[PDB]
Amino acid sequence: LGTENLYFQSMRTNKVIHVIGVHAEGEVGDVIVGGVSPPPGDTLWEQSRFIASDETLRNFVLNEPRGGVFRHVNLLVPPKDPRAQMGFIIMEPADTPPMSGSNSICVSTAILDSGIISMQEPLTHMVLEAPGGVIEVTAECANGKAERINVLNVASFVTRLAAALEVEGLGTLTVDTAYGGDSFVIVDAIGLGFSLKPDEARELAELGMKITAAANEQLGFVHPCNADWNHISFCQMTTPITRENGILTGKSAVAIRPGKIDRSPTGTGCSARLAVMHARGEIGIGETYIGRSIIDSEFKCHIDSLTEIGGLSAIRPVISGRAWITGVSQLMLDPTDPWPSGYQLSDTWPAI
C-alpha cells in the first residue's frame, strides 16, 4: 500500500496484529489482515458469535489506548460459504452484527488495494461473506485503486410499520422497525425538534440511545431466518425525503451504541429505509436513492430486486460509496502492559 515494512528489535516480545486503516464516507472501518486466527465455528455466524462472547479481540482493538469509540474493526477470515472468496466479522463498539454497509465497503477497498484479492479494471467483481450472509460486490477500479464499491446487501424488510412507541419525555412516537442487514427503529427527527446538523451529534446520539432502549422493550425485533438476532441495534432519525434534480434523496442520523452518530449515511440504514419506502409504494426497482449523513456524505442506492423472507416481502438493495485508506498499523501488546484489554471511561466512551 506504499507502506514500509518496519521492524524494531526492542518490540520483538509483543504479540502483533496487522491492520489497514480505512473509512467509508467518513465512517471508520479498519481491517485486520494478519495476526489473528479464524475463530472456532462451522459457520461464519458461529465464528462471529465467538468474537462477541469471547471479547478478547474486540476489547484489544476497540478500547483505548488503541481504538476509541469512533472505530469499527473488521476481521478477515476464510469464507465458509462456497460462493464467497473472503469472510469478514464486523466489530462495532457494543455489538457484533450480521452486516454493516460502510464496513463492507472498507473491507472491499482494503482487500483490493492491498492485493489480497486481485484487481481487475475498470471493474472487479467479488463475493464476500458477512455473518448475516453473502454479499456481491462490484468495485470500480482505476490506477490500481478501488475508487467506489457497489454492494448488493442481504435481504432487507419491514418488521413494523407505524408502530406506537412511548418514550420518557417525548410522549408517544410513531416509528417503523426494519432490517437492512442490521436492525432499526426509524423515526422522524423533525417532530423531535432536530434538523440533523453536525452540532446536534451528541444530543442525537443520546436521544437515539433512549429511543432504541424503548423500542427494544416495547417492540423487540424478529428476523424470520435468524433466531439469534433479537434486538434493535440502531435508532435512525430521519428528515423527509425530497427529489433533487430528479433524484430521490434523504438524510438520516443513525445512533450507534453506546452513543455515536454514524458519519456515513449508514448502508444498513438506507437498506432498511428503502424497505419501508418500497412497502409504501414510494420507490420501485432501479430508482436511485441518495442517502446522506449528518456530515453530508453520501451513498448512492437502489433496489436491485424483490424477494421474500419467512413470508415477509423483502428487497435486495444496492449500496454504493467510496472509502479511503488512512494508514497501516501493527498493533502490539507488551506482556507487561497492565491494560492488555484496554479500558473504558465515561468521558470518552459513553456510559450505560
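Counting begins at 1, following the sequence as shown.
The deposited model assigns a higher average Cα B-factor to 195-203 than to the other stretch when 249-257 and 195-203 are compared. The mean C-alpha temperature factor is higher for 76-84 when 76-84 and 231-239 are set side by side.
Comparing the C-alpha B-factors of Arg273, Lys210, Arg71, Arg263 in the entry, the top value falls on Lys210. In the deposited coordinates, the residue among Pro317, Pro40, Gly26, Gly327 with the greatest CA B-factor is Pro40. Per the deposited record, the Cα B-factor of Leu333 falls in the middle third when ranked against the other modelled residues of its chain. When the modelled residues of the chain are ordered by their C-alpha B factor, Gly321 lands in the lowest third.
The PDB entry assigns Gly67 a C-alpha temperature factor belonging to the lowest third of its chain's modelled residues. Split the chain's modelled residues into thirds by C-alpha temperature factor. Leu165 is in the highest one.
Split the chain's modelled residues into thirds by C-alpha temperature factor. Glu129 is in the middle one.
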